[PDB]
Colleague: 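Next up is a structure, given as structure tokens.
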Amino acid sequence: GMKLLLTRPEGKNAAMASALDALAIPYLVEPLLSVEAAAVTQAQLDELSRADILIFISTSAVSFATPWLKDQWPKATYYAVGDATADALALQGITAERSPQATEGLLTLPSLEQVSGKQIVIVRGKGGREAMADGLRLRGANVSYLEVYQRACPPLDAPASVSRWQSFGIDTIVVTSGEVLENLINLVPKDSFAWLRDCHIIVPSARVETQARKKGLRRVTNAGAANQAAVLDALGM
């Protein structure tokens, strides 16, 4: 019967693996999305000593900043978005005020109301918009970013991976975002597109189903959400 490929980031596949263990459904785990270290310059490290405020937007921001900042954390006021982020800072010896947990919640904190001329550093992943930080710019803060990680597809030997999947008998692939789907389609060589096109692809949304179908994939089931209950239901469990 069905044999599944699970593709969430390293560390995020155990719950689904366990459900499949219970059901005796064969599967392989191959993360197709990762966070990895981004470049930081000496000038950026040096500038951090003039920061008034550091804002951490994720647990990855803490984890990937730690190699740069361990035992030399700036003497600043710290903020954290989400409990996991706060816990991570606490483990590094830092007490950070939390989003009271959306990033934009920070713009309701009394302590960030008056920030004109303050040096504020947003520790975050590379790319995308940061509307909360745009609010601080609007308030007159001198805002910069310390982009300590970036999203990537993990380094994979694509031929060796696709071969393993085919030999194993993978026929169902679960993707939990449009980015993962793009990484999958770009990883699979042109002459194996036919094989991928014949796999049953479970996607998290109708938007991503459209993305998959606009790429020529034909056996695509929208689960409605990326969560495990929704995905299992999509597979008939």
Side-chain angles (χ1 to χ4, degrees), residues 8-14 31-46 48-100 102-155 176-180 182-183 226:
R8 296 184 70 191
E10 191 69 46
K12 302 207 181 312
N13 294 291
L32 296 181
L33 185 58
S34 59
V35 282
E36 65 190 24
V40 173
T41 73
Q42 192 65 44
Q44 285 181 292
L45 296 180
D46 292 344
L48 278 181
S49 72
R50 289 131 231 159
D52 301 309
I53 292 164
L54 269 68
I55 306 174
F56 289 72
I57 58 60
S58 69
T59 316
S60 288
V62 185
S63 300
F64 285 91
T66 296
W68 300 105
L69 298 182
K70 176 70 156 64
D71 292 330
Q72 59 178 2
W73 293 96
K75 302 314 184 176
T77 300
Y78 288 71
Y79 299 80
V81 186
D83 288 352
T85 310
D87 284 350
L89 284 169
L91 292 176
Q92 304 300 326
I94 295 162
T95 296
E97 179 171 15
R98 253 179 301 149
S99 194
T103 302
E104 295 96 331
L106 296 173
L107 301 171
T108 69
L109 291 175
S111 62
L112 291 166
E113 292 181 349
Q114 297 291 328
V115 292
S116 200
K118 296 193 180 271
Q119 305 294 315
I120 306 190
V121 176
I122 318 298
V123 189
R124 68 187 299 273
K126 195 145 286 283
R129 297 302 306 294
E130 197 69 70
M132 177 270 304
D134 295 335
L136 300 178
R137 295 177 198 257
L138 172 56
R139 292 177 180 176
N142 295 129
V143 174
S144 62
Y145 295 171
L146 192 73
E147 288 177 330
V148 294
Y149 68 93
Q150 61 201 19
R151 290 187 180 229
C153 182
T176 57
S177 74
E179 186 167 18
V180 168
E182 287 299 296
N183 291 354

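For this chain, numbers begin at 1 and follow the sequence in order.
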Colleague: Passes side chain to side chain contact (heavy atoms under 4.5 Å, CB included), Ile55 versus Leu136? Steps please.
Modeller: CA-CA 11 Å; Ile55 306 174; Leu136 300 178; 3.6 Å; yes
Colleague: Which atom names give the shortest non-hydrogen contact between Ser58 and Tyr149, and what distance separates them?
Modeller: OG-OH, 2.7 Å
Colleague: Can you tell me how far apart CG (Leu54) and CG (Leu89) are? Round to the nearest 0.5 Å.
Modeller: 9.0 Å
Colleague: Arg8: which residues meet the salt bridge (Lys or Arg N to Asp or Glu O under 4.0 Å) condition with it, sequence neighbours left out?
Modeller: none
Colleague: Around atom CZ of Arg139, are there more than 12 heavy atoms from other residues, nucleotides or ligands closer than 6.0 Å?
Modeller: yes
Colleague: Give the intermediate values and the outcome of side chain to side chain contact (heavy atoms under 4.5 Å, CB included) for residues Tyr145 and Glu130.
Modeller: CA-CA 10 Å; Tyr145 295 171; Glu130 197 69 70; 3.4 Å; yes
Colleague: Say you draw a straight line from CD of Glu182 to SG of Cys153; how long is it, rounded to the nearest 0.5 Å?
Modeller: 12.0 Å
Colleague: If you take all heavy atoms of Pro100 and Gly105, which pair is closest and at what distance?
Modeller: CD-O, 3.3 Å
Colleague: Does a donor on one side chain sit under 3.5 Å from an acceptor on the other, for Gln119 and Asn142?
Modeller: yes
Colleague: Which heavy atom of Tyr79 sits nearest to which heavy atom of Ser111, and what is that distance?
Modeller: OH-OG, 2.7 Å
Colleague: Where do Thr66 and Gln92 come nearest, in terms of heavy atoms and distance?
Modeller: CG2-OE1, 3.6 Å
Colleague: Would one find more than 12 heavy atoms of other residues, nucleotides or ligands at under 6.0 Å from atom CD of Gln114?
Modeller: no
Colleague: Can you confirm whether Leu112 sits close enough to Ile53 that some side-chain heavy atom of one is under 4.5 Å from a side-chain heavy atom of the other?
Modeller: yes
Colleague: Return the minimal non-hydrogen interatomic distance between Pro31 and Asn13, and the atom names on each side.
Modeller: CG-ND2, 4.3 Å
Colleague: With side chain to side chain contact (heavy atoms under 4.5 Å, CB included) as the criterion, how do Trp73 and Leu48 come out once you've worked through the C-alpha distance, each side chain's angles and the decisive distance to 0.1 Å?
Modeller: CA-CA 9 Å; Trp73 293 96; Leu48 278 181; over 6 Å; no
Colleague: Nearest 0.5 Å, what's the OG1-CG distance between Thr41 and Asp46?
Modeller: 8.0 Å
Colleague: Which pair of heavy atoms, one from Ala80 and one from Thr85, lies closest together, and at what distance?
Modeller: CB-CG2, 3.9 Å
Colleague: Just wondering, are more than 12 heavy atoms of other shown residues or ligands nearer than 6.0 Å to CD in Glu179?
Modeller: yes
Colleague: When rounded to the nearest 0.5 angstrom, what distance separates CZ in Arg50 from OG in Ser144?
Modeller: 11.5 Å
Colleague: Can you tell me how far CG of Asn183 sits from OG of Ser34, rounded to the nearest 0.5 angstrom?
Modeller: 8.0 Å
Colleague: Take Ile122 and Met132, measure what side chain to side chain contact (heavy atoms under 4.5 Å, CB included) needs, and give me the verdict at the end.
Modeller: CA-CA 10 Å; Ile122 318 298; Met132 177 270 304; 4.2 Å; yes
Colleague: Just say parallel, tilted or perpendicular for the rings of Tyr78 and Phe56, cut-offs at 30° and 60°.
Modeller: parallel
Colleague: Using 0.5 Å steps for rounding, measure from the NZ atom of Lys75 to the OG atom of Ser49.
Modeller: 12.0 Å
